[PDB]
$ cat run13.txt   # compact mmCIF, C-alpha atoms
# COMPACT_ATOMS: atom_id res chain seq x y z
CA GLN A 24 0.00 0.00 0.00
CA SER A 25 2.95 2.34 -0.95
CA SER A 26 2.48 5.82 -2.57
CA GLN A 27 3.24 6.02 -6.35
CA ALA A 28 6.27 8.35 -5.67
CA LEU A 29 7.84 6.05 -2.98
CA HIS A 30 7.48 3.03 -5.41
CA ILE A 31 9.43 5.02 -8.11
CA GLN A 32 11.87 6.45 -5.45
CA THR A 33 12.67 2.80 -4.40
CA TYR A 34 13.03 1.61 -8.08
CA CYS A 35 15.32 4.69 -8.70
CA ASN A 36 17.82 4.03 -5.82
CA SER A 37 17.69 0.25 -6.73
CA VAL A 38 18.73 0.95 -10.39
CA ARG A 39 21.54 3.24 -9.01
CA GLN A 40 22.90 0.10 -7.16
CA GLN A 41 22.96 -1.83 -10.53
CA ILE A 42 26.75 -2.49 -10.94
CA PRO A 43 28.30 -2.71 -14.45
CA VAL A 44 29.06 -6.41 -15.28
CA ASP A 45 31.84 -7.98 -17.46
CA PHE A 46 31.00 -11.43 -18.97
CA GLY A 47 34.60 -11.17 -20.38
CA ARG A 48 35.22 -14.91 -19.58
CA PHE A 49 32.02 -15.88 -21.58
CA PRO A 50 32.59 -15.37 -25.35
CA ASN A 51 28.87 -15.87 -26.30
CA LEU A 52 27.70 -13.09 -23.83
CA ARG A 53 30.02 -10.35 -25.29
CA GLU A 54 27.20 -8.37 -27.05
CA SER A 55 24.79 -9.11 -24.10
CA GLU A 56 27.19 -7.53 -21.49
CA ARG A 57 27.83 -4.34 -23.58
CA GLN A 58 24.06 -3.99 -24.41
CA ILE A 59 23.18 -4.52 -20.67
CA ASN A 60 25.93 -2.05 -19.53
CA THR A 61 24.69 0.68 -21.98
CA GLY A 62 20.99 0.20 -21.02
CA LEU A 63 21.93 0.24 -17.28
CA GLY A 64 23.91 3.50 -17.84
CA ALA A 65 20.86 5.14 -19.54
CA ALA A 66 18.43 3.94 -16.78
CA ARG A 67 20.85 5.48 -14.17
CA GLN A 68 20.60 8.84 -16.05
CA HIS A 69 16.74 8.60 -15.95
CA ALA A 70 16.83 7.91 -12.13
CA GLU A 71 19.31 10.74 -11.23
CA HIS A 72 17.01 13.22 -13.11
CA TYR A 73 13.82 11.77 -11.47
CA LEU A 74 15.46 11.91 -7.99
CA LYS A 75 17.54 15.17 -8.19
CA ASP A 76 14.97 17.25 -10.21
CA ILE A 77 11.61 15.65 -11.14
CA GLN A 78 10.10 14.53 -7.77
CA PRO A 79 11.33 17.76 -6.10
CA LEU A 80 9.92 20.04 -8.89
CA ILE A 81 6.54 18.14 -8.73
CA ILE A 82 6.48 18.72 -4.90
CA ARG A 83 7.20 22.49 -5.41
CA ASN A 84 4.37 23.00 -7.99
CA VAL A 85 1.87 21.06 -5.77
CA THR A 86 2.95 23.11 -2.66
CA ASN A 87 2.43 26.44 -4.56
CA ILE A 88 -1.00 25.12 -5.79
CA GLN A 89 -1.85 24.05 -2.16
CA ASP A 90 -0.94 27.57 -0.86
CA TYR A 91 -2.94 29.26 -3.74
CA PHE A 92 -6.22 27.28 -3.18
CA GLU A 93 -5.69 27.82 0.62
CA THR A 94 -5.87 31.66 0.10
CA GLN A 95 -8.70 31.39 -2.54
CA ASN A 96 -10.63 28.72 -0.52
CA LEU A 97 -14.10 29.91 -1.83
CA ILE A 98 -15.15 32.68 -4.35
CA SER A 99 -17.81 34.97 -2.69
CA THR A 100 -20.41 34.73 -5.56
CA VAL A 101 -22.81 36.94 -3.47
CA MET A 102 -21.89 40.48 -2.24
CA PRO A 103 -20.83 39.67 1.35
CA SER A 104 -21.09 43.11 3.17
CA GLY A 105 -19.76 46.62 2.28
CA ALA A 106 -17.76 46.19 -1.02
CA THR A 107 -18.33 47.80 -4.50
CA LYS A 108 -19.35 45.51 -7.45
CA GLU A 109 -16.09 46.65 -9.23
CA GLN A 110 -14.03 45.60 -6.10
CA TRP A 111 -15.63 42.07 -6.24
CA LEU A 112 -15.06 41.92 -10.08
CA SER A 113 -11.34 42.95 -9.66
CA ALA A 114 -10.76 40.30 -6.89
CA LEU A 115 -12.49 37.62 -9.10
CA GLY A 116 -10.43 38.71 -12.17
CA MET A 117 -7.22 38.45 -10.04
CA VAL A 118 -8.32 34.93 -8.81
CA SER A 119 -9.14 33.97 -12.48
CA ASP A 120 -5.62 35.09 -13.66
CA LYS A 121 -3.93 33.15 -10.76
CA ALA A 122 -5.99 29.98 -11.62
CA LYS A 123 -4.91 30.31 -15.32
CA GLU A 124 -1.20 30.43 -14.22
CA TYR A 125 -1.86 27.39 -11.89
CA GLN A 126 -3.58 25.54 -14.83
CA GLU A 127 -0.48 26.21 -17.06
CA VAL A 128 1.77 24.96 -14.16
CA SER A 129 -0.41 21.75 -13.93
CA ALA A 130 0.02 21.13 -17.73
CA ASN A 131 3.83 21.63 -17.24
CA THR A 132 3.95 18.95 -14.43
CA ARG A 133 1.96 16.56 -16.75
CA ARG A 134 4.59 17.03 -19.55
CA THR A 135 7.36 16.23 -16.97
CA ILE A 136 5.39 13.04 -15.98
CA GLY A 137 5.03 12.13 -19.71
CA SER A 138 8.85 12.37 -20.20
CA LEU A 139 9.39 10.28 -16.99
CA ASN A 140 6.88 7.66 -18.35
CA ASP A 141 8.76 7.47 -21.73
CA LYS A 142 12.16 7.21 -19.90
CA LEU A 143 10.86 4.37 -17.62
CA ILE A 144 9.11 2.60 -20.61
CA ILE A 145 12.44 2.66 -22.60
CA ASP A 146 14.36 1.33 -19.51
CA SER A 147 11.83 -1.56 -18.93
CA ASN A 148 11.90 -2.44 -22.71
CA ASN A 149 15.77 -2.53 -22.84
CA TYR A 150 15.71 -4.68 -19.62
CA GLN A 151 13.23 -7.17 -21.23
CA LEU A 152 15.46 -7.29 -24.41
CA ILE A 153 18.54 -8.17 -22.22
CA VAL A 154 16.46 -10.89 -20.39
CA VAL A 155 15.34 -12.51 -23.73
CA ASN A 156 18.95 -12.24 -25.13
CA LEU A 157 20.18 -14.00 -21.91
CA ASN A 158 17.35 -16.64 -21.91
CA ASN A 159 18.33 -17.50 -25.56
CA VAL A 160 22.07 -17.92 -24.54
CA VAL A 161 21.29 -20.46 -21.71
CA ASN A 162 18.63 -22.23 -23.91
CA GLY A 163 21.26 -22.72 -26.69
CA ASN A 164 24.15 -23.46 -24.21
CA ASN A 165 21.97 -26.34 -22.78
CA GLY A 166 21.88 -28.09 -26.24
CA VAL A 167 25.75 -28.09 -26.21
CA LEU A 168 25.67 -29.39 -22.54
CA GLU A 169 23.68 -32.54 -23.63
CA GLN A 170 26.07 -33.32 -26.60
CA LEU A 171 28.96 -32.98 -24.02
CA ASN A 172 27.35 -35.42 -21.47
CA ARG A 173 26.67 -37.85 -24.43
CA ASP A 174 30.34 -37.53 -25.64
CA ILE A 175 31.67 -37.91 -22.00
CA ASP A 176 29.60 -41.19 -21.78
CA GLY A 177 31.18 -42.36 -25.12
CA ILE A 178 34.72 -41.47 -23.76
CA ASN A 179 34.50 -43.57 -20.50
CA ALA A 180 34.04 -46.74 -22.73
CA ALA A 181 37.53 -46.28 -24.35
CA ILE A 182 38.86 -45.33 -20.81
CA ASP A 183 37.60 -48.74 -19.44
CA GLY A 184 38.76 -50.52 -22.69
CA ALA A 185 42.32 -49.23 -21.89
CA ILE A 186 41.96 -50.22 -18.15
CA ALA A 187 40.95 -53.78 -19.34
CA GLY A 188 43.96 -54.10 -21.76
CA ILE A 189 46.35 -52.91 -18.94
CA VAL A 190 45.02 -55.57 -16.44
CA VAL A 191 44.88 -58.39 -19.11
CA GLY A 192 48.55 -57.51 -19.93
CA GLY A 193 49.52 -57.66 -16.20
CA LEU A 194 47.95 -61.17 -15.86
CA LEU A 195 49.45 -62.44 -19.21
CA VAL A 196 52.96 -61.30 -18.03
CA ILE A 197 52.36 -62.82 -14.50
CA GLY A 198 51.21 -66.16 -16.07
CA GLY A 199 54.00 -66.00 -18.73
CA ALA A 200 56.68 -65.63 -15.98
CA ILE A 201 55.31 -68.72 -14.05
CA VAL A 202 55.17 -70.75 -17.36
CA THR A 203 58.65 -69.55 -18.57
CA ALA A 204 60.15 -70.48 -15.11
CA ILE A 205 58.46 -73.96 -15.30
CA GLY A 206 59.59 -74.50 -18.96
CA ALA A 207 63.18 -73.45 -18.01
CA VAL A 208 63.42 -76.86 -16.11
CA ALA A 209 64.48 -78.35 -19.54
CA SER A 217 60.94 -78.26 -22.87
CA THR A 218 61.78 -75.31 -25.23
CA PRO A 219 58.24 -74.80 -26.66
CA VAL A 220 56.78 -74.15 -23.11
CA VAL A 221 59.53 -71.52 -22.37
CA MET A 222 58.80 -69.87 -25.81
CA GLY A 223 55.03 -69.71 -25.03
CA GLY A 224 55.88 -68.27 -21.56
CA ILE A 225 58.26 -65.62 -23.07
CA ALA A 226 55.60 -64.82 -25.78
CA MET A 227 52.88 -64.41 -23.04
CA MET A 228 55.32 -62.12 -21.09
CA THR A 229 56.21 -60.13 -24.30
CA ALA A 230 52.48 -59.74 -25.29
CA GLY A 231 51.58 -58.80 -21.66
CA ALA A 232 54.24 -56.00 -21.70
CA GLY A 233 53.07 -54.83 -25.18
CA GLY A 234 49.41 -54.63 -23.99
CA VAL A 235 50.42 -52.79 -20.74
CA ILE A 236 52.51 -50.26 -22.81
CA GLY A 237 49.88 -49.80 -25.60
CA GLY A 238 47.05 -49.40 -23.02
CA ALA A 239 49.04 -46.77 -21.01
CA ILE A 240 49.58 -44.68 -24.24
CA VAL A 241 45.82 -44.96 -25.13
CA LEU A 242 44.72 -44.27 -21.46
CA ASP A 243 46.95 -41.12 -21.08
CA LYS A 244 45.50 -39.85 -24.45
CA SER A 245 41.86 -40.98 -23.73
CA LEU A 246 41.59 -39.15 -20.33
CA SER A 247 43.34 -36.21 -22.17
CA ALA A 248 40.41 -36.13 -24.72
CA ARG A 249 37.94 -36.70 -21.79
CA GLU A 250 39.60 -33.76 -19.87
CA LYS A 251 39.06 -31.30 -22.83
CA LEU A 252 35.31 -32.29 -23.05
CA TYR A 253 34.80 -31.93 -19.22
CA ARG A 254 36.57 -28.48 -19.22
CA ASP A 255 34.17 -27.23 -21.99
CA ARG A 256 31.12 -28.69 -20.07
CA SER A 257 32.14 -26.88 -16.80
CA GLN A 258 32.89 -23.59 -18.71
CA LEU A 259 29.41 -23.73 -20.41
CA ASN A 260 27.74 -24.62 -17.02
CA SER A 261 29.45 -21.57 -15.35
CA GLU A 262 28.55 -19.22 -18.29
CA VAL A 263 24.85 -20.41 -18.17
CA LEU A 264 24.75 -19.88 -14.33
CA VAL A 265 26.28 -16.34 -14.69
CA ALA A 266 23.62 -15.53 -17.37
CA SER A 267 20.83 -16.97 -15.10
CA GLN A 268 22.31 -14.78 -12.25
CA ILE A 269 22.33 -11.40 -14.17
CA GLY A 270 19.04 -12.51 -15.85
CA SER A 271 17.19 -12.82 -12.47
CA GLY A 272 18.50 -9.32 -11.51
CA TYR A 273 17.44 -7.73 -14.86
CA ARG A 274 14.05 -9.57 -14.51
CA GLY A 275 13.59 -7.94 -11.04
CA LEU A 276 14.57 -4.52 -12.50
CA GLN A 277 12.02 -5.04 -15.39
CA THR A 278 9.22 -5.70 -12.80
CA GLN A 279 10.29 -2.57 -10.78
CA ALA A 280 10.00 -0.48 -14.03
CA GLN A 281 6.61 -2.10 -15.04
CA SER A 282 5.19 -1.10 -11.57
CA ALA A 283 6.77 2.43 -11.79
CA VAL A 284 5.04 2.76 -15.26
CA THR A 285 1.62 2.10 -13.58
CA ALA A 286 2.55 4.56 -10.74
CA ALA A 287 3.56 7.25 -13.34
CA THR A 288 0.43 6.67 -15.55
CA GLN A 289 -1.63 7.17 -12.31
CA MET A 290 0.25 10.49 -11.59
CA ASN A 291 -0.34 11.59 -15.26
CA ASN A 292 -4.15 11.00 -14.89
CA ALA A 293 -4.11 12.88 -11.49
CA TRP A 294 -2.39 16.02 -12.98
CA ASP A 295 -4.68 15.78 -16.11
CA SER A 296 -7.75 15.82 -13.74
CA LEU A 297 -6.36 18.83 -11.73
CA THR A 298 -5.67 20.70 -15.07
CA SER A 299 -9.27 19.97 -16.30
CA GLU A 300 -10.79 20.96 -12.86
CA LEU A 301 -8.85 24.31 -13.05
CA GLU A 302 -10.13 24.92 -16.66
CA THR A 303 -13.76 24.31 -15.40
CA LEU A 304 -13.29 26.78 -12.45
CA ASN A 305 -11.74 29.32 -14.96
CA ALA A 306 -14.75 28.88 -17.35
CA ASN A 307 -17.19 29.06 -14.33
CA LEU A 308 -15.33 32.26 -13.18
CA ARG A 309 -15.04 34.04 -16.63
CA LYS A 310 -18.83 33.64 -17.41
CA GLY A 311 -19.66 35.15 -13.94
CA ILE A 312 -17.64 38.42 -14.50
CA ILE A 313 -19.57 39.07 -17.81
CA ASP A 314 -22.88 38.30 -15.94
CA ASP A 315 -24.77 41.02 -13.91
CA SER A 316 -27.41 39.51 -11.52
CA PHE A 317 -28.69 35.86 -11.07
CA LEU A 318 -26.67 34.07 -13.89
CA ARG A 319 -23.47 35.50 -12.19
CA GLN A 320 -24.34 33.87 -8.78
CA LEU A 321 -25.14 30.61 -10.74
CA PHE A 322 -21.63 30.40 -12.39
CA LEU A 323 -20.01 31.65 -9.07
CA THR A 324 -21.69 28.79 -7.04
CA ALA A 325 -20.55 26.22 -9.73
CA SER A 326 -16.98 27.69 -9.40
CA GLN A 327 -17.29 27.27 -5.55
CA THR A 328 -17.99 23.53 -6.36
CA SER A 329 -15.00 23.64 -8.82
CA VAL A 330 -12.93 24.96 -5.80
CA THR A 331 -13.87 21.88 -3.64
CA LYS A 332 -13.07 19.56 -6.68
CA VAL A 333 -9.57 21.20 -6.99
CA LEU A 334 -8.96 21.01 -3.14
CA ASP A 335 -9.78 17.22 -3.38
CA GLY A 336 -7.43 16.83 -6.42
CA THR A 337 -4.67 18.53 -4.28
CA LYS A 338 -5.11 16.10 -1.29
CA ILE A 339 -5.19 13.18 -3.88
CA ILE A 340 -1.89 14.28 -5.61
CA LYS A 341 -0.29 14.79 -2.10
CA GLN A 342 -1.15 11.09 -1.34
CA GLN A 343 0.26 9.94 -4.77
CA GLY B 272 31.82 -7.21 -3.17
CA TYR B 273 34.47 -4.44 -3.62
CA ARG B 274 32.84 -3.61 -7.04
CA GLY B 275 29.44 -3.27 -5.25
CA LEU B 276 31.07 -1.07 -2.53
CA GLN B 277 32.62 1.15 -5.31
CA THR B 278 29.09 1.64 -6.84
CA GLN B 279 27.63 2.42 -3.32
CA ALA B 280 30.34 5.16 -2.89
CA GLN B 281 29.79 6.55 -6.47
CA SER B 282 26.02 6.92 -5.64
CA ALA B 283 26.79 8.43 -2.17
CA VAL B 284 29.04 11.00 -4.02
CA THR B 285 25.99 12.04 -6.18
CA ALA B 286 23.79 12.12 -3.00
CA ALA B 287 26.39 14.38 -1.21
CA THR B 288 26.84 16.69 -4.29
CA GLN B 289 22.98 17.02 -4.30
CA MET B 290 23.00 17.98 -0.54
CA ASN B 291 25.82 20.55 -1.27
CA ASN B 292 23.69 22.18 -4.07
CA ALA B 293 20.59 22.18 -1.73
CA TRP B 294 22.44 24.06 1.10
CA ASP B 295 24.07 26.40 -1.53
CA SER B 296 20.52 27.23 -2.84
CA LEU B 297 19.18 27.89 0.74
CA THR B 298 22.25 30.17 1.41
CA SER B 299 21.62 32.09 -1.90
CA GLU B 300 17.80 32.33 -1.21
CA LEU B 301 18.61 33.86 2.26
CA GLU B 302 21.05 36.39 0.62
CA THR B 303 18.24 37.37 -1.89
CA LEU B 304 15.67 37.89 0.97
CA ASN B 305 18.35 39.95 2.86
CA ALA B 306 19.01 42.10 -0.30
CA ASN B 307 15.19 42.36 -0.93
CA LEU B 308 14.79 43.43 2.78
CA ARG B 309 17.76 45.94 2.97
CA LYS B 310 16.65 47.88 -0.21
CA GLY B 311 13.09 48.17 1.32
CA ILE B 312 11.50 45.76 -1.28
CA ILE B 313 10.29 43.34 1.52
CA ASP B 314 8.84 44.26 5.00
CA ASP B 315 9.16 42.44 8.42
CA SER B 316 5.28 42.30 8.35
CA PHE B 317 5.03 40.24 5.06
CA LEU B 318 8.31 38.15 5.38
CA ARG B 319 6.91 36.87 8.77
CA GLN B 320 3.64 35.57 7.14
CA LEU B 321 5.88 33.99 4.37
CA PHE B 322 7.99 31.91 6.87
CA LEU B 323 4.79 31.20 8.97

$ encode --input "run13.txt" --output "structure tokens"
Amino acid sequence: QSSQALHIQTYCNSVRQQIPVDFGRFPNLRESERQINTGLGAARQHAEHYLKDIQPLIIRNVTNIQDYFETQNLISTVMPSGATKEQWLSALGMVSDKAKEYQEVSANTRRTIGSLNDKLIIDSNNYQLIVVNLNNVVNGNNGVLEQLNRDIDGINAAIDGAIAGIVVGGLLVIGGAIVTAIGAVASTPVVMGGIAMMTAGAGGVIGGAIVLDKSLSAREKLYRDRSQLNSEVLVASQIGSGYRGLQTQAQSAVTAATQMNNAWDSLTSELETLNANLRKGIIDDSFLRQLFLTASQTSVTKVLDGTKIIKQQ
Amino acid sequence: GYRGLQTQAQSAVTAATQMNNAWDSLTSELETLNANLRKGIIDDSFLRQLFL
């Protein structure tokens, strides 16, 4: 149940805290980071203006209006007691002129609000664009991630195939040694078979080691890429959540601003009605004068309400 | 964290600069009222109702 101004004031200071980010480690997020940084910079400019100028200026105009209506609380449509008709006409004319100036001031505030609205709208849009750009990056990066997990699965098979050859070689050599030793009792074919088993066992152990060292070294490259992509995606999902939150803050501020625009528009219209009610009463002599003057008195209440309403906004 | 602290300080700088301009304006506005008073443009009757 926050006031429109406080909601924008919060969103403003929040955007100010938005730090500039470098996805320098992530090659696919290069354009995203720059785009985000630029948009963030622009939003910051919008906030500083809103905070340092806009909200204060709005407060000033409203205060002046509050003071004005305070003095001119009700137009005395009827001759109260002991004034000339000219004196009453002059006072009314003065009040009319002041209301006109106040009306112009109200229109000015509205224009300011309009600019603020456009600035916020542009910020929210740029934010959304960054979010989509990020969402796309992680939604692509997660196709790559699957092909990596599938390749990593295919790599472990060769890794085990090498582990198998290494063990088989170790046993063949072990068995070959026992056979060779037995054969060496006399019995040349047995010794040959034992030496052959030993030789083959060594060959398999050597060949497997070469393959294994290389196979893990292909596996390592794939895993490194997988981790890098995982990190990049997480970083994107991190900044993405933040931008998403900023986008919501702007969307709400847009509603708050639109509300303020309608409020000022109403005050401007109410002033125009009082001015019209006034003007027609000065160029009226008897009963029709009191009629327009009473309607203006009702105008005056409608403006006083619009003041209290804007003060709450 | 340091990066976030740097941003917090940068914003505080803007906040301070704003406060400096605000006080400077108040000081100038007082000088104008004083000048308006001294020359006989304002009166201690009307300036009282203004502050009130």

$ atom_distance --input "run13.txt" --atom1 "atom CA of residue A:110" --atom2 "atom CA of residue A:307"
18.7 Å

$ interface_residues --input "run13.txt" --of "chain A" --to "chain B" --cutoff "12 Å" --atoms "only C-alpha atoms" --output "mmCIF file with C-alpha atoms, in the coordinates of the input"
data_model
loop_
_atom_site.group_PDB
_atom_site.id
_atom_site.type_symbol
_atom_site.label_atom_id
_atom_site.label_comp_id
_atom_site.auth_asym_id
_atom_site.auth_seq_id
_atom_site.Cartn_x
_atom_site.Cartn_y
_atom_site.Cartn_z
ATOM 1 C CA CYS A 35 15.320 4.690 -8.700
ATOM 2 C CA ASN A 36 17.820 4.030 -5.820
ATOM 3 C CA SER A 37 17.690 0.250 -6.730
ATOM 4 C CA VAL A 38 18.730 0.950 -10.390
ATOM 5 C CA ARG A 39 21.540 3.240 -9.010
ATOM 6 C CA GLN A 40 22.900 0.100 -7.160
ATOM 7 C CA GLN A 41 22.960 -1.830 -10.530
ATOM 8 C CA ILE A 42 26.750 -2.490 -10.940
ATOM 9 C CA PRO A 43 28.300 -2.710 -14.450
ATOM 10 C CA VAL A 44 29.060 -6.410 -15.280
ATOM 11 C CA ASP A 45 31.840 -7.980 -17.460
ATOM 12 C CA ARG A 67 20.850 5.480 -14.170
ATOM 13 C CA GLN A 68 20.600 8.840 -16.050
ATOM 14 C CA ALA A 70 16.830 7.910 -12.130
ATOM 15 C CA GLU A 71 19.310 10.740 -11.230
ATOM 16 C CA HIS A 72 17.010 13.220 -13.110
ATOM 17 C CA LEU A 74 15.460 11.910 -7.990
ATOM 18 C CA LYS A 75 17.540 15.170 -8.190
ATOM 19 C CA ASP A 76 14.970 17.250 -10.210
ATOM 20 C CA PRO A 79 11.330 17.760 -6.100
ATOM 21 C CA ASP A 90 -0.940 27.570 -0.860
#

$ axis_aligned_box --input "run13.txt" --around "stretch 198-209 of chain A" --padding-each-side "4 Å" --output "AutoDock Vina command-line options"
--center_x 57.8 --center_y -72.0 --center_z -16.8 --size_x 21.3 --size_y 20.7 --size_z 13.5

$ residues_around --input "run13.txt" --residues "residue A:189" --least-positions-apart "6" --cutoff "8 Å" --atoms "only C-alpha atoms" --output "PyMOL selection string"
chain A and resi 234-236+238-239

$ closest_residue --input "run13.txt" --among "A:283, A:63, A:157, A:197" --to "residue A:228" --atoms "all atoms listed in the file"
A:197

$ atom_distance --input "run13.txt" --atom1 "atom CA of residue A:333" --atom2 "atom CA of residue A:108"
26.2 Å

$ atom_distance --input "run13.txt" --atom1 "atom CA of residue A:277" --atom2 "atom CA of residue A:146"
7.9 Å

$ residues_around --input "run13.txt" --residues "stretch 338-340 of chain A" --least-positions-apart "2" --cutoff "9 Å" --atoms "all atoms listed in the file" --output "PDB file with C-alpha atoms, in the frame of the given file"
ATOM      1  CA  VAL A  85       1.870  21.060  -5.770  1.00  0.00           C
ATOM      2  CA  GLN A  89      -1.850  24.050  -2.160  1.00  0.00           C
ATOM      3  CA  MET A 290       0.250  10.490 -11.590  1.00  0.00           C
ATOM      4  CA  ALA A 293      -4.110  12.880 -11.490  1.00  0.00           C
ATOM      5  CA  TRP A 294      -2.390  16.020 -12.980  1.00  0.00           C
ATOM      6  CA  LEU A 297      -6.360  18.830 -11.730  1.00  0.00           C
ATOM      7  CA  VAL A 333      -9.570  21.200  -6.990  1.00  0.00           C
ATOM      8  CA  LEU A 334      -8.960  21.010  -3.140  1.00  0.00           C
ATOM      9  CA  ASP A 335      -9.780  17.220  -3.380  1.00  0.00           C
ATOM     10  CA  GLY A 336      -7.430  16.830  -6.420  1.00  0.00           C
ATOM     11  CA  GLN A 342      -1.150  11.090  -1.340  1.00  0.00           C
ATOM     12  CA  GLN A 343       0.260   9.940  -4.770  1.00  0.00           C
TER      13      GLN A 343
END

$ residues_near_point --input "run13.txt" --point "(65.0, -67.6, -22.6)" --cutoff "9 Å" --atoms "all atoms listed in the file" --output "JSON, numbers by chain"
{"A": [203, 207, 218, 221, 222, 225]}

$ closest_residue --input "run13.txt" --among "A:56, A:127, A:254, A:188" --to "residue A:175" --atoms "all atoms listed in the file"
A:254

$ build_atoms --input "run13.txt" --residues "stretch 237-250 of chain A" --atoms "N, CA and C atoms" --output "PDB file, in the coordinates of the input"
ATOM      1  N   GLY A 237      50.887 -50.307 -24.651  1.00  0.00           N
ATOM      2  CA  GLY A 237      49.880 -49.800 -25.600  1.00  0.00           C
ATOM      3  C   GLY A 237      48.687 -49.176 -24.887  1.00  0.00           C
ATOM      4  N   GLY A 238      48.174 -49.855 -23.859  1.00  0.00           N
ATOM      5  CA  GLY A 238      47.050 -49.400 -23.020  1.00  0.00           C
ATOM      6  C   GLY A 238      47.363 -48.093 -22.319  1.00  0.00           C
ATOM      7  N   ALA A 239      48.559 -47.972 -21.734  1.00  0.00           N
ATOM      8  CA  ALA A 239      49.040 -46.770 -21.010  1.00  0.00           C
ATOM      9  C   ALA A 239      49.029 -45.560 -21.946  1.00  0.00           C
ATOM     10  N   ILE A 240      49.535 -45.732 -23.171  1.00  0.00           N
ATOM     11  CA  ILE A 240      49.580 -44.680 -24.240  1.00  0.00           C
ATOM     12  C   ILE A 240      48.142 -44.228 -24.532  1.00  0.00           C
ATOM     13  N   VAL A 241      47.256 -45.187 -24.806  1.00  0.00           N
ATOM     14  CA  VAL A 241      45.820 -44.960 -25.130  1.00  0.00           C
ATOM     15  C   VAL A 241      45.145 -44.252 -23.938  1.00  0.00           C
ATOM     16  N   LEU A 242      45.344 -44.770 -22.723  1.00  0.00           N
ATOM     17  CA  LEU A 242      44.720 -44.270 -21.460  1.00  0.00           C
ATOM     18  C   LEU A 242      45.087 -42.797 -21.262  1.00  0.00           C
ATOM     19  N   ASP A 243      46.387 -42.488 -21.267  1.00  0.00           N
ATOM     20  CA  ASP A 243      46.950 -41.120 -21.080  1.00  0.00           C
ATOM     21  C   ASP A 243      46.304 -40.165 -22.097  1.00  0.00           C
ATOM     22  N   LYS A 244      46.105 -40.628 -23.335  1.00  0.00           N
ATOM     23  CA  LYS A 244      45.500 -39.850 -24.450  1.00  0.00           C
ATOM     24  C   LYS A 244      43.987 -39.747 -24.262  1.00  0.00           C
ATOM     25  N   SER A 245      43.339 -40.832 -23.824  1.00  0.00           N
ATOM     26  CA  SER A 245      41.860 -40.980 -23.730  1.00  0.00           C
ATOM     27  C   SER A 245      41.277 -40.063 -22.645  1.00  0.00           C
ATOM     28  N   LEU A 246      41.876 -40.087 -21.454  1.00  0.00           N
ATOM     29  CA  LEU A 246      41.590 -39.150 -20.330  1.00  0.00           C
ATOM     30  C   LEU A 246      41.860 -37.702 -20.783  1.00  0.00           C
ATOM     31  N   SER A 247      42.870 -37.513 -21.636  1.00  0.00           N
ATOM     32  CA  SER A 247      43.340 -36.210 -22.170  1.00  0.00           C
ATOM     33  C   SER A 247      42.379 -35.669 -23.229  1.00  0.00           C
ATOM     34  N   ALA A 248      41.574 -36.523 -23.871  1.00  0.00           N
ATOM     35  CA  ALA A 248      40.410 -36.130 -24.720  1.00  0.00           C
ATOM     36  C   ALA A 248      39.199 -35.888 -23.814  1.00  0.00           C
ATOM     37  N   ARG A 249      39.000 -36.777 -22.827  1.00  0.00           N
ATOM     38  CA  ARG A 249      37.940 -36.700 -21.790  1.00  0.00           C
ATOM     39  C   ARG A 249      38.064 -35.377 -21.022  1.00  0.00           C
ATOM     40  N   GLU A 250      39.291 -34.984 -20.655  1.00  0.00           N
ATOM     41  CA  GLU A 250      39.600 -33.760 -19.870  1.00  0.00           C
ATOM     42  C   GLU A 250      39.139 -32.511 -20.633  1.00  0.00           C
TER      43      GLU A 250
END
